[PDB]
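**Q** Below is the file structure_25.tsv, which contains TSV, C-alpha atoms.
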chain	number	residue	atom	x	y	z
A	1	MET	CA	-8.16	-5.90	6.03
A	2	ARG	CA	-9.17	-6.56	2.46
A	3	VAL	CA	-6.63	-7.22	-0.27
A	4	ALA	CA	-7.40	-7.21	-4.01
A	5	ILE	CA	-5.36	-9.25	-6.53
A	6	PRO	CA	-5.73	-9.39	-10.36
A	7	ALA	CA	-6.09	-13.03	-11.49
A	8	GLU	CA	-5.05	-14.61	-14.74
A	9	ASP	CA	-7.85	-17.24	-14.65
A	10	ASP	CA	-11.10	-17.64	-12.75
A	11	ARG	CA	-9.29	-20.13	-10.50
A	12	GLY	CA	-9.46	-17.97	-7.28
A	13	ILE	CA	-6.56	-18.51	-4.89
A	14	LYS	CA	-5.26	-21.22	-7.27
A	15	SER	CA	-4.81	-18.72	-10.14
A	16	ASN	CA	-1.64	-16.73	-10.76
A	17	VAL	CA	-1.34	-12.96	-10.41
A	18	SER	CA	-2.19	-11.60	-13.86
A	19	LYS	CA	0.88	-10.00	-15.31
A	20	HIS	CA	-1.14	-6.98	-16.62
A	21	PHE	CA	-3.45	-5.14	-14.24
A	22	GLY	CA	-6.16	-3.42	-16.20
A	23	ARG	CA	-6.41	-6.00	-18.93
A	24	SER	CA	-7.15	-8.66	-16.29
A	25	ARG	CA	-10.72	-10.03	-16.17
A	26	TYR	CA	-10.86	-11.64	-12.72
A	27	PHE	CA	-9.98	-10.25	-9.31
A	28	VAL	CA	-9.59	-12.00	-5.99
A	29	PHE	CA	-10.53	-10.15	-2.75
A	30	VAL	CA	-9.05	-11.64	0.37
A	31	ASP	CA	-10.10	-10.75	3.88
A	32	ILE	CA	-7.20	-11.05	6.26
A	33	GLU	CA	-7.47	-10.92	10.07
A	34	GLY	CA	-4.06	-11.38	11.73
A	35	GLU	CA	-2.47	-14.54	10.31
A	36	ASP	CA	-5.93	-15.64	9.21
A	37	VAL	CA	-7.57	-15.61	5.79
A	38	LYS	CA	-11.25	-15.13	6.71
A	39	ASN	CA	-12.84	-14.89	3.27
A	40	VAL	CA	-11.96	-15.29	-0.41
A	41	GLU	CA	-14.14	-13.66	-3.05
A	42	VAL	CA	-13.62	-14.34	-6.72
A	43	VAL	CA	-15.46	-11.92	-9.06
A	44	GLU	CA	-15.15	-10.83	-12.67
A	45	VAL	CA	-14.48	-7.40	-14.06
A	46	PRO	CA	-17.25	-5.53	-16.00
A	47	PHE	CA	-17.16	-4.98	-19.88
A	53	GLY	CA	-10.94	5.35	-13.34
A	54	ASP	CA	-13.23	2.31	-13.72
A	55	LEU	CA	-10.92	-0.37	-12.30
A	56	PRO	CA	-9.77	1.61	-9.28
A	57	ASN	CA	-13.31	2.52	-8.47
A	58	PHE	CA	-14.26	-1.10	-8.97
A	59	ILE	CA	-11.64	-2.07	-6.36
A	60	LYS	CA	-12.63	0.72	-3.90
A	61	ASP	CA	-16.31	-0.22	-4.31
A	62	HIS	CA	-15.35	-3.74	-3.19
A	63	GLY	CA	-13.77	-2.50	0.05
A	64	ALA	CA	-10.15	-3.36	-0.89
A	65	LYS	CA	-7.58	-1.07	0.71
A	66	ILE	CA	-4.52	-2.84	-0.68
A	67	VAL	CA	-3.85	-4.11	-4.21
A	68	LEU	CA	-1.13	-6.62	-5.00
A	69	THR	CA	-0.05	-6.60	-8.62
A	70	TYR	CA	2.75	-7.58	-10.98
A	71	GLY	CA	2.62	-4.78	-13.55
A	72	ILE	CA	0.37	-1.74	-13.44
A	73	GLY	CA	0.67	1.72	-14.93
A	74	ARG	CA	1.85	4.79	-13.06
A	75	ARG	CA	-1.41	6.59	-13.72
A	76	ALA	CA	-3.44	3.64	-12.24
A	77	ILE	CA	-1.21	3.60	-9.10
A	78	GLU	CA	-1.69	7.34	-8.69
A	79	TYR	CA	-5.45	7.00	-9.19
A	80	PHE	CA	-5.45	4.21	-6.51
A	81	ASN	CA	-3.46	6.38	-4.20
A	82	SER	CA	-5.88	9.29	-4.63
A	83	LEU	CA	-8.61	6.86	-3.41
A	84	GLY	CA	-6.55	6.00	-0.31
A	85	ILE	CA	-5.64	2.64	-1.82
A	86	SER	CA	-2.04	1.29	-1.66
A	87	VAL	CA	-0.59	-0.73	-4.46
A	88	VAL	CA	2.24	-3.33	-4.32
A	89	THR	CA	4.01	-3.99	-7.68
A	90	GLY	CA	6.30	-6.87	-8.72
A	91	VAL	CA	4.17	-9.63	-7.12
A	92	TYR	CA	3.86	-12.88	-9.12
A	93	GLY	CA	2.96	-16.51	-8.67
A	94	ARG	CA	0.04	-18.49	-7.24
A	95	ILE	CA	-2.27	-16.27	-5.36
A	96	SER	CA	-2.48	-18.70	-2.41
A	97	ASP	CA	1.34	-18.45	-2.03
A	98	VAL	CA	1.30	-14.68	-2.35
A	99	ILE	CA	-1.30	-14.32	0.46
A	100	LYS	CA	0.75	-16.56	2.77
A	101	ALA	CA	3.91	-14.56	1.90
A	102	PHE	CA	2.07	-11.28	2.40
A	103	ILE	CA	0.76	-12.24	5.91
A	104	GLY	CA	4.33	-13.28	6.96
A	105	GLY	CA	6.32	-10.19	5.85
A	106	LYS	CA	8.23	-12.19	3.17
A	107	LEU	CA	6.81	-11.22	-0.16
A	108	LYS	CA	8.80	-12.24	-3.27
A	109	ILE	CA	9.11	-9.18	-5.55
A	110	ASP	CA	10.21	-9.08	-9.17
A	111	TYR	CA	12.35	-5.95	-8.98
A	112	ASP	CA	12.63	-5.96	-12.76
A	113	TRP	CA	8.90	-6.11	-13.60
A	114	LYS	CA	9.25	-2.97	-15.79
A	115	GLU	CA	11.83	-4.44	-18.19
B	1	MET	CA	-5.01	-1.21	10.54
B	2	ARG	CA	-1.83	0.63	11.38
B	3	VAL	CA	-0.46	3.40	9.19
B	4	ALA	CA	3.05	4.87	9.47
B	5	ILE	CA	3.87	8.45	8.40
B	6	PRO	CA	7.29	10.23	8.40
B	7	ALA	CA	7.02	13.53	10.32
B	8	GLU	CA	8.96	16.72	9.82
B	9	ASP	CA	8.74	17.72	13.52
B	10	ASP	CA	7.92	15.92	16.75
B	11	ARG	CA	4.47	17.52	16.57
B	12	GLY	CA	2.51	14.21	16.03
B	13	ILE	CA	-0.67	14.61	13.99
B	14	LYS	CA	0.00	18.38	13.89
B	15	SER	CA	3.31	17.91	12.02
B	16	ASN	CA	3.64	17.81	8.24
B	17	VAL	CA	4.66	14.75	6.24
B	18	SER	CA	8.45	14.98	5.99
B	19	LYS	CA	9.39	15.54	2.40
B	20	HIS	CA	12.28	12.98	2.60
B	21	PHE	CA	11.59	9.53	4.00
B	22	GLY	CA	14.77	8.07	5.35
B	23	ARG	CA	16.28	11.32	6.52
B	24	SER	CA	13.19	11.92	8.69
B	25	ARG	CA	13.65	11.61	12.48
B	26	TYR	CA	10.07	11.22	13.71
B	27	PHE	CA	7.34	8.83	12.63
B	28	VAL	CA	3.65	8.80	13.45
B	29	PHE	CA	1.80	5.45	13.73
B	30	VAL	CA	-1.94	5.71	13.46
B	31	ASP	CA	-4.35	2.95	14.32
B	32	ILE	CA	-7.43	3.15	12.16
B	33	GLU	CA	-10.64	1.15	12.72
B	34	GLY	CA	-13.31	2.01	10.12
B	35	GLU	CA	-13.73	5.80	10.08
B	36	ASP	CA	-12.13	5.90	13.52
B	37	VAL	CA	-8.62	6.87	14.59
B	38	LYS	CA	-8.13	4.68	17.68
B	39	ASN	CA	-4.55	5.51	18.61
B	40	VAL	CA	-1.74	7.90	17.65
B	41	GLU	CA	1.85	7.02	18.52
B	42	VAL	CA	4.64	9.50	18.01
B	43	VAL	CA	8.16	7.98	18.25
B	44	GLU	CA	11.63	8.94	17.09
B	45	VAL	CA	13.94	7.11	14.74
B	46	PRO	CA	17.18	5.49	16.09
B	47	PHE	CA	20.76	6.93	15.35
B	53	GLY	CA	17.02	-2.07	5.69
B	54	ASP	CA	16.91	-0.32	9.09
B	55	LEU	CA	13.95	2.00	8.48
B	56	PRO	CA	11.71	-0.57	6.84
B	57	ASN	CA	12.42	-3.01	9.60
B	58	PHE	CA	11.78	-0.24	12.09
B	59	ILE	CA	8.33	0.28	10.52
B	60	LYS	CA	7.53	-3.48	10.32
B	61	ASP	CA	8.65	-3.91	13.95
B	62	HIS	CA	6.06	-1.28	14.88
B	63	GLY	CA	3.21	-3.20	13.24
B	64	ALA	CA	2.60	-0.71	10.38
B	65	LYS	CA	1.29	-2.32	7.21
B	66	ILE	CA	0.90	0.89	5.23
B	67	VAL	CA	3.32	3.82	4.89
B	68	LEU	CA	2.24	7.22	3.61
B	69	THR	CA	5.09	9.32	2.28
B	70	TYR	CA	5.93	12.26	0.06
B	71	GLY	CA	9.27	11.20	-1.42
B	72	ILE	CA	11.00	7.87	-0.87
B	73	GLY	CA	13.51	5.93	-2.92
B	74	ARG	CA	12.66	3.05	-5.21
B	75	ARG	CA	14.91	0.69	-3.27
B	76	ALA	CA	13.13	1.59	0.05
B	77	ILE	CA	9.69	0.98	-1.56
B	78	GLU	CA	10.88	-2.38	-2.87
B	79	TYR	CA	12.33	-3.29	0.52
B	80	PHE	CA	8.94	-2.33	2.12
B	81	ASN	CA	7.12	-4.41	-0.41
B	82	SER	CA	9.33	-7.43	0.29
B	83	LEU	CA	8.19	-7.09	3.95
B	84	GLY	CA	4.52	-7.10	2.87
B	85	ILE	CA	4.30	-3.36	3.51
B	86	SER	CA	2.55	-1.01	1.01
B	87	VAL	CA	3.80	2.47	0.41
B	88	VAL	CA	1.85	5.54	-0.83
B	89	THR	CA	4.00	8.31	-2.41
B	90	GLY	CA	3.14	11.96	-3.16
B	91	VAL	CA	1.35	12.61	0.17
B	92	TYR	CA	1.98	16.03	1.77
B	93	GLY	CA	0.50	18.38	4.33
B	94	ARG	CA	-0.61	18.19	7.96
B	95	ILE	CA	-0.72	14.66	9.12
B	96	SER	CA	-4.15	15.12	10.76
B	97	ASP	CA	-5.55	16.18	7.34
B	98	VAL	CA	-3.85	13.31	5.56
B	99	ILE	CA	-5.38	10.71	7.95
B	100	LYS	CA	-8.87	12.18	7.45
B	101	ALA	CA	-8.32	12.18	3.65
B	102	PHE	CA	-6.97	8.64	3.77
B	103	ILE	CA	-10.00	7.25	5.72
B	104	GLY	CA	-12.40	8.93	3.19
B	105	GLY	CA	-10.87	7.74	-0.12
B	106	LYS	CA	-9.86	11.31	-1.13
B	107	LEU	CA	-6.14	11.57	-0.68
B	108	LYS	CA	-4.41	14.60	-2.26
B	109	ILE	CA	-1.36	13.36	-4.20
B	110	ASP	CA	1.51	15.40	-5.59
B	111	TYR	CA	1.88	13.62	-8.91
B	112	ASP	CA	5.09	15.52	-9.54
B	113	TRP	CA	6.91	14.64	-6.29
B	114	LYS	CA	9.90	13.30	-8.30
B	115	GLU	CA	10.66	16.57	-10.12
As structure tokens, what does this structure read like?

**A**
Amino acid sequence: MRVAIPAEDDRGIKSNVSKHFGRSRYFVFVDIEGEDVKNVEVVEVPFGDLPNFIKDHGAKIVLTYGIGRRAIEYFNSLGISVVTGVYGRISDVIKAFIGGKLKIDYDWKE
Amino acid sequence: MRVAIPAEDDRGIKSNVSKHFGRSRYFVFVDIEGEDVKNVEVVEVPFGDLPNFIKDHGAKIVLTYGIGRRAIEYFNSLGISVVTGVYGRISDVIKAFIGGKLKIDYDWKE
């Protein structure tokens, strides 16, 4: 399926998850088929804009560090699932995600 | 992909989303391919048990009404996304989910 990830840099799968969704200016869209990463797409954000931006790009899951409750709810209303507390290099996150061992910062709100 | 939903009854896609994940005794697993529902599987729960139960059944998304923060985090650590605030007949939820128009109870915590 297609997974969306806010990036800190325009470095694609070598960038880190941006700590603030919403203020982030690059997103990485990763097409996953089984254990296999079939496509990486690295685009920039323009300027419920952001959620609609993500939905318009086909992403059905969003992996983020921090994101507001309202944004999560807006995502959810669009049938999009959000994972919070994710940090680190996006390449590592995608490998963790595929293998059921994601590293979550439980304390991302404090 | 495969979506897991806690059911109030053993009525499958005719049951409602159970209002309490965790105390629920039936789950519905729905295989979705595009706009198409390819398979429905209606099983019962035994007796991070529940999350592992869901992961062991191949579900990568969980749609729930209420669920605890700890359970969500545990799901997330297993690379599983959770949607909260979902209620109603499971057949209606699945149709909403596929079309980007899910109806969310923003106030499911109060």

**Q** If you count only C-alpha atoms, which residues fall within 9 Å of range 106-112 of chain A, apart from same-chain ones fewer than 5 positions away, as a list in words?

**A** residues 70, 89, 90, 91, 92, 98, 99, 100 and 101 of chain A; 78, 81, 82, 83 and 84 of chain B

**Q** Mind listing as a PyMOL selection string all residues within 12 Å of (2.9, 1.2, 5.0), counting all atoms listed in the file?

**A** (chain A and resi 65-66+84-88+105) or (chain B and resi 1-6+27-31+55-69+76-89)

**Q** May I have the selected residues written with C-alpha atoms, as a tab-separated table (two decimals), keeping the file's coordinate frame?

**A**
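Below is the file out-v1.tsv, written as the result:
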chain	number	residue	atom	x	y	z
A	65	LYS	CA	-7.58	-1.07	0.71
A	66	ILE	CA	-4.52	-2.84	-0.68
A	84	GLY	CA	-6.55	6.00	-0.31
A	85	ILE	CA	-5.64	2.64	-1.82
A	86	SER	CA	-2.04	1.29	-1.66
A	87	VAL	CA	-0.59	-0.73	-4.46
A	88	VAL	CA	2.24	-3.33	-4.32
A	105	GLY	CA	6.32	-10.19	5.85
B	1	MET	CA	-5.01	-1.21	10.54
B	2	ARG	CA	-1.83	0.63	11.38
B	3	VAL	CA	-0.46	3.40	9.19
B	4	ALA	CA	3.05	4.87	9.47
B	5	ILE	CA	3.87	8.45	8.40
B	6	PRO	CA	7.29	10.23	8.40
B	27	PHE	CA	7.34	8.83	12.63
B	28	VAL	CA	3.65	8.80	13.45
B	29	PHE	CA	1.80	5.45	13.73
B	30	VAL	CA	-1.94	5.71	13.46
B	31	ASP	CA	-4.35	2.95	14.32
B	55	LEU	CA	13.95	2.00	8.48
B	56	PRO	CA	11.71	-0.57	6.84
B	57	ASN	CA	12.42	-3.01	9.60
B	58	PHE	CA	11.78	-0.24	12.09
B	59	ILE	CA	8.33	0.28	10.52
B	60	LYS	CA	7.53	-3.48	10.32
B	61	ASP	CA	8.65	-3.91	13.95
B	62	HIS	CA	6.06	-1.28	14.88
B	63	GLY	CA	3.21	-3.20	13.24
B	64	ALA	CA	2.60	-0.71	10.38
B	65	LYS	CA	1.29	-2.32	7.21
B	66	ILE	CA	0.90	0.89	5.23
B	67	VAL	CA	3.32	3.82	4.89
B	68	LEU	CA	2.24	7.22	3.61
B	69	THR	CA	5.09	9.32	2.28
B	76	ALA	CA	13.13	1.59	0.05
B	77	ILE	CA	9.69	0.98	-1.56
B	78	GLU	CA	10.88	-2.38	-2.87
B	79	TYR	CA	12.33	-3.29	0.52
B	80	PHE	CA	8.94	-2.33	2.12
B	81	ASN	CA	7.12	-4.41	-0.41
B	82	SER	CA	9.33	-7.43	0.29
B	83	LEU	CA	8.19	-7.09	3.95
B	84	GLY	CA	4.52	-7.10	2.87
B	85	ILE	CA	4.30	-3.36	3.51
B	86	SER	CA	2.55	-1.01	1.01
B	87	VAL	CA	3.80	2.47	0.41
B	88	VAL	CA	1.85	5.54	-0.83
B	89	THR	CA	4.00	8.31	-2.41

**Q** Please report the interatomic distance between CA of residue 113 in chain A and CA of residue 22 in chain B in Å with one decimal.

**A** 24.4 Å

**Q** Counting only C-alpha atoms, note down every residue that has an atom within 12 Å of the point (-6.4, -18.8, -12.6) (file coordinates), as a tab-separated table (two decimals) with C-alpha atoms, in the frame of the given file.

**A**
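Writing done, so here's part36.tsv:
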chain	number	residue	atom	x	y	z
A	5	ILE	CA	-5.36	-9.25	-6.53
A	6	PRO	CA	-5.73	-9.39	-10.36
A	7	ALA	CA	-6.09	-13.03	-11.49
A	8	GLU	CA	-5.05	-14.61	-14.74
A	9	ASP	CA	-7.85	-17.24	-14.65
A	10	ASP	CA	-11.10	-17.64	-12.75
A	11	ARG	CA	-9.29	-20.13	-10.50
A	12	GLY	CA	-9.46	-17.97	-7.28
A	13	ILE	CA	-6.56	-18.51	-4.89
A	14	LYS	CA	-5.26	-21.22	-7.27
A	15	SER	CA	-4.81	-18.72	-10.14
A	16	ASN	CA	-1.64	-16.73	-10.76
A	17	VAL	CA	-1.34	-12.96	-10.41
A	18	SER	CA	-2.19	-11.60	-13.86
A	19	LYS	CA	0.88	-10.00	-15.31
A	24	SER	CA	-7.15	-8.66	-16.29
A	25	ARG	CA	-10.72	-10.03	-16.17
A	26	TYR	CA	-10.86	-11.64	-12.72
A	27	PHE	CA	-9.98	-10.25	-9.31
A	28	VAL	CA	-9.59	-12.00	-5.99
A	42	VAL	CA	-13.62	-14.34	-6.72
A	43	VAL	CA	-15.46	-11.92	-9.06
A	44	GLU	CA	-15.15	-10.83	-12.67
A	93	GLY	CA	2.96	-16.51	-8.67
A	94	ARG	CA	0.04	-18.49	-7.24
A	95	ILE	CA	-2.27	-16.27	-5.36
A	96	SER	CA	-2.48	-18.70	-2.41

**Q** For chain A, which of B:115, B:54, B:33, B:41 is the closest residue, counting only C-alpha atoms?

**A**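 Of the candidates, the smallest distance to chain A is held by B:33.
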
**Q** Report, in Å with one decimal, the straight-line distance from CA of residue 114 in chain B to CA of residue 114 in chain A.

**A**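 Rounded to one decimal, the two atoms are 17.9 Å apart.
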
**Q** What gap, in Å, lies between CA of residue 21 in chain A and CA of residue 97 in chain A?

**A**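 We find that CA of residue 21 in chain A and CA of residue 97 in chain A lie 18.7 Å from each other.
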
**Q** Determine the nearest neighbour of chain A from the options B:45, B:20, B:39, B:32, counting all atoms listed in the file.

**A**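 Answer, going by the shortest atom-to-atom distance: B:32.
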
**Q** Could I get range 44-65 of chain B rebuilt with N, CA and C atoms, written as a PDB file, keeping the file's coordinate frame?

**A**
ATOM      1  N   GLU B  44      10.528   8.463  17.896  1.00  0.00           N
ATOM      2  CA  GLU B  44      11.630   8.940  17.090  1.00  0.00           C
ATOM      3  C   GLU B  44      12.422   7.815  16.476  1.00  0.00           C
ATOM      4  N   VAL B  45      13.145   8.132  15.420  1.00  0.00           N
ATOM      5  CA  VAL B  45      13.940   7.110  14.740  1.00  0.00           C
ATOM      6  C   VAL B  45      15.307   7.025  15.433  1.00  0.00           C
ATOM      7  N   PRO B  46      15.791   5.795  15.667  1.00  0.00           N
ATOM      8  CA  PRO B  46      17.180   5.490  16.090  1.00  0.00           C
ATOM      9  C   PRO B  46      18.328   6.065  15.199  1.00  0.00           C
ATOM     10  N   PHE B  47      19.452   6.400  15.869  1.00  0.00           N
ATOM     11  CA  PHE B  47      20.760   6.930  15.350  1.00  0.00           C
ATOM     12  C   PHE B  47      20.778   8.445  15.179  1.00  0.00           C
ATOM     13  N   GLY B  53      18.427  -2.512   5.731  1.00  0.00           N
ATOM     14  CA  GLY B  53      17.020  -2.070   5.690  1.00  0.00           C
ATOM     15  C   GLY B  53      16.513  -1.660   7.071  1.00  0.00           C
ATOM     16  N   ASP B  54      17.245  -0.762   7.736  1.00  0.00           N
ATOM     17  CA  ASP B  54      16.910  -0.320   9.090  1.00  0.00           C
ATOM     18  C   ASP B  54      15.502   0.254   9.205  1.00  0.00           C
ATOM     19  N   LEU B  55      15.245   1.349   8.488  1.00  0.00           N
ATOM     20  CA  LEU B  55      13.950   2.000   8.480  1.00  0.00           C
ATOM     21  C   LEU B  55      12.789   1.127   8.186  1.00  0.00           C
ATOM     22  N   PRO B  56      12.822   0.352   7.085  1.00  0.00           N
ATOM     23  CA  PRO B  56      11.710  -0.570   6.840  1.00  0.00           C
ATOM     24  C   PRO B  56      11.433  -1.539   7.955  1.00  0.00           C
ATOM     25  N   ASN B  57      12.516  -2.031   8.546  1.00  0.00           N
ATOM     26  CA  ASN B  57      12.420  -3.010   9.600  1.00  0.00           C
ATOM     27  C   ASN B  57      11.899  -2.296  10.816  1.00  0.00           C
ATOM     28  N   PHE B  58      12.335  -1.077  11.027  1.00  0.00           N
ATOM     29  CA  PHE B  58      11.780  -0.240  12.090  1.00  0.00           C
ATOM     30  C   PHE B  58      10.269  -0.155  11.980  1.00  0.00           C
ATOM     31  N   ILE B  59       9.788   0.183  10.777  1.00  0.00           N
ATOM     32  CA  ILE B  59       8.330   0.280  10.520  1.00  0.00           C
ATOM     33  C   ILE B  59       7.596  -1.057  10.746  1.00  0.00           C
ATOM     34  N   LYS B  60       8.067  -2.139  10.126  1.00  0.00           N
ATOM     35  CA  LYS B  60       7.530  -3.480  10.320  1.00  0.00           C
ATOM     36  C   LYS B  60       7.486  -3.882  11.793  1.00  0.00           C
ATOM     37  N   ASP B  61       8.575  -3.606  12.514  1.00  0.00           N
ATOM     38  CA  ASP B  61       8.650  -3.910  13.950  1.00  0.00           C
ATOM     39  C   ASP B  61       7.609  -3.155  14.774  1.00  0.00           C
ATOM     40  N   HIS B  62       7.152  -2.014  14.264  1.00  0.00           N
ATOM     41  CA  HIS B  62       6.060  -1.280  14.880  1.00  0.00           C
ATOM     42  C   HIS B  62       4.660  -1.640  14.411  1.00  0.00           C
ATOM     43  N   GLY B  63       4.533  -2.673  13.614  1.00  0.00           N
ATOM     44  CA  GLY B  63       3.210  -3.200  13.240  1.00  0.00           C
ATOM     45  C   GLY B  63       2.559  -2.468  12.080  1.00  0.00           C
ATOM     46  N   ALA B  64       3.277  -1.533  11.419  1.00  0.00           N
ATOM     47  CA  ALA B  64       2.600  -0.710  10.380  1.00  0.00           C
ATOM     48  C   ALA B  64       2.541  -1.543   9.122  1.00  0.00           C
ATOM     49  N   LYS B  65       1.396  -1.535   8.437  1.00  0.00           N
ATOM     50  CA  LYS B  65       1.290  -2.320   7.210  1.00  0.00           C
ATOM     51  C   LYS B  65       1.149  -1.399   6.018  1.00  0.00           C
TER      52      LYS B  65
END
